[PDB]
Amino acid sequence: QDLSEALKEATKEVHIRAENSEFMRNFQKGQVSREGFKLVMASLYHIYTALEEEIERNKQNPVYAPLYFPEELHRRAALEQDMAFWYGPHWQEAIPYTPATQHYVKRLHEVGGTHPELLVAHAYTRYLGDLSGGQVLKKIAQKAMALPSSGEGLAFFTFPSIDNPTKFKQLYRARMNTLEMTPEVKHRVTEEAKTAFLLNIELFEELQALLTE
């Protein structure tokens, strides 16, 4: 079975759980506040910073390299734009770095530094989601918060080097399926993708509690 399929199958249950965290339930209903949106975007800033650091570290490593698409996919620059928008010109000292965010970053560094053959799990979990369900969440955030179509404040959700997310996502899948796979690697990849999803659930659980306080 192709890696792209094995990952979708392995994570379909946990994906249902992630969508039904209280934070994402409220988000999907159009209930997201500026405060709650700033917290989740700042946390994604740290997460994608760490993810992309480890991507760069491993760009030439054949357990990752066929998925090296910085121009198309990488989000750090976009997230920097969004931080300036939501937090102002001194955003680097204003933004929070929550403990659940720290925990996700920690595991990203463990994977990139000691288990790079699992980095595909983390890239899959973030980028493929960003290219599908992320586009729906974009439209909901725009409507909730009166964000302009010109795209300010939502750079994270915009892929100006990808014409068509559906076709790109098919290419990314196809390339995933060229990675050298053994039963060992494949089983651990799908396990790590479940962990990536849990790390996101745990963030959303944390941010909700911070917001409810």
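In this text, rigid core is short for the largest set of C-alphas that superpose within 1.5 Å between two forms. Note that residue numbering follows the sequence shown and begins at 1.
Fitting each structure in 9 other deposited structures of this protein onto the rigid core and averaging C-alpha distances over structures and residues, 137-145 emerges as the more displaced of 94-102 and 137-145. Of the two stretches examined, 197-205 and 20-28, the one with higher mean CA deviation in 9 other deposited structures of this protein after a rigid core fit is 20-28. When the two stretches 139-147 and 86-94 are set side by side, the higher mean Cα temperature factor goes to 86-94. For the pair 8-16 and 21-29, the record assigns the higher mean C-alpha temperature factor to 21-29. In this PDB entry, the Cα temperature factor of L154 sits in the bottom third of its chain's modelled residues, the lowest group. In this PDB entry, the Cα temperature factor of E52 sits in the bottom third of its chain's modelled residues, the lowest group. In this PDB entry, the Cα temperature factor of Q170 sits in the top third of its chain's modelled residues, the highest group. When the CA B factors of the chain's modelled residues are split into thirds, the value for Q81 lands in the middle one. Compared with the other modelled residues of the chain, the Cα B-factor recorded for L44 ranks in the lowest third.
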